[PDB]
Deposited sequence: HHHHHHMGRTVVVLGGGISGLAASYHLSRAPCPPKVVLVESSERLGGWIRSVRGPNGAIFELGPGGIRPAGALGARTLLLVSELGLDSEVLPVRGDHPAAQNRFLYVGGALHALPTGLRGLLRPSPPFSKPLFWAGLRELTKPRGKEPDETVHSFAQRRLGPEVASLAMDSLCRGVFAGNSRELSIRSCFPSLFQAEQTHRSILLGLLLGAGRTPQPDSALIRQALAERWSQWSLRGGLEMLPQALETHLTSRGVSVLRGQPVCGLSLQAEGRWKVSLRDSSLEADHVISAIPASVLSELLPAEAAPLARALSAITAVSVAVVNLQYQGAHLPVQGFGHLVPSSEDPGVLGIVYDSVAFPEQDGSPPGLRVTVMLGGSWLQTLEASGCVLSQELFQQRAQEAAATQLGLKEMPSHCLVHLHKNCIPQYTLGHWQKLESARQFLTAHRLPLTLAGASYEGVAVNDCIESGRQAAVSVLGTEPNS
């Protein structure tokens, strides 16, 4: 007798529906997805020769309690046979690079001046402990990193790191919202290094991932198998999924029920879990909820072009996960991922070398805001020049895939904590049967989006 609608069929929406429907005494769950497919940015292409090309995340890092919570989900979905781990005894696990000064340079692990840093990194760690503590509520990743680590580390490492995780600009991103652990470390223990030196579910898959030290894992038919398995389960349990059915409007009525408004249809939800972009939810809210909508509309997302390239009979200069490209090296190219190093099983046959070029940054930000045309060709040449320049691959790619993802990665810029705090004070102040979830709020990683989903699910079952 209690209906919960879930908006968005991304991984957050999917996870929420999954936990809701698995409760001992489950409400009626309806999943509402605006596109033809579930899975949101998690999407995979099974090319001609049998190779997988990832269009979003290519694999997932299992480390952390969240890492472990996702491997459990995977066990529960009986996907174990299908898992492709990358084990601690491989280069794809023990090697991330930087393209700096026309060369790839290896980032250290824990073991002498390493290019492109002039001095040993031991020295920055030093002044790190002795350094004061920022007294502001928030701070940009650049400001933070620069202050505690020095100009070199900030301009190269943190700059790249923000690009690799958020496809974003570290002079924009909040250190509080982007690296909450680094931020609490510093705040709590007056020092990043200390807070780290001053510090989990279980199952067979996890024990194995702990033992073999998996640095990441993916699925054999591609990551999309995850949302695929999830959807199969929802549908089994009799959860109701509506594709190609965008939500147009939300509004409350009597008895405090929600009227979800479809194109030419409607649903009454007792509760609503929003797992769609915050900027979208914003446009769906009744003027009753202006101050919340203002908060939501303040959360924006960058775009990303993904270009997959496959080269027949080519080889890389190095073996690693991939490399990052600092903004000072290239505004448009964020990094390249060597998918074959990690997942040779997905190379097809005849097997071919696969890399994935991530395009974005200010290059693409300004093109979006221009009269210019965002052609496939434009992204193709960029990607190819990058592989040719940065990887010495001057062969024509035997295969090529180009995808522009508009507004796909939420940017947690300065003041983000406040936006969240405001949305959350409005919601509770007025006791709205609405829960928030997904990448717009408390993390963009798939691991985060899932926990995001589970927490919204749990909190919704708490209410009844």
Report summary line: In deposited-sequence numbering, the unmodelled segments run 1 to 7, 119 to 122, 211 to 215, 481 to 483
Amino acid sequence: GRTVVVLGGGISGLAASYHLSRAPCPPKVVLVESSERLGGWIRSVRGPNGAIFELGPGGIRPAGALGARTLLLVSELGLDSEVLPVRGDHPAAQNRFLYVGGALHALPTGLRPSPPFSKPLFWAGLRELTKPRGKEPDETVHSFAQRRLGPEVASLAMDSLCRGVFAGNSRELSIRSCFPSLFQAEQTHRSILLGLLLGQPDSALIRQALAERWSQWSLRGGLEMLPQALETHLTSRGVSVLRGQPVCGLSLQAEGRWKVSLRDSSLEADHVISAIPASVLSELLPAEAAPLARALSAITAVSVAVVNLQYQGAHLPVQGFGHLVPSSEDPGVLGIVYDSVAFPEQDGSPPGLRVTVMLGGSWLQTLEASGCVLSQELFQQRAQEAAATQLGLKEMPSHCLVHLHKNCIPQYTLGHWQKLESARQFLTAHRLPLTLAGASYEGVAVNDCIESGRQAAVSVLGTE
From here on, numbers count along this sequence of modelled residues.
Query raised in the report: Per the PDB record, is the mean Cα temperature factor higher over 179 to 187 or over 72 to 80?
Result: 179 to 187
Requested in this report: Identify the stretch, either 117 to 125 or 220 to 228, whose C-alpha atoms have the larger mean B-factor according to the entry.
Outcome: 117 to 125
Report task. Among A209, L324, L193, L296, single out the one with the highest C-alpha B factor in the record, please. Result -> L193
Requested in this report: Please work out which residue in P344, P151, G102, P331 has the highest C-alpha B-factor recorded for this crystal structure.
Outcome: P151
Requested in this report: Check where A23 lands among this chain's C-alpha B-factors and tell me if it's the lowest, middle or highest third.
Outcome: highest
Report task. Could you tell me which third, lowest, middle or highest, the C-alpha B-factor of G320 occupies within its chain? Result -> middle
Report summary line: Entry-reported C-alpha B-factor of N49 relative to its chain, by third, is highest
Query - Lowest, middle or highest third - CA B-factor, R431 - result: highest
Query - Entry-reported Cα temperature factor of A65, expressed as the chain third it lands in - result: middle
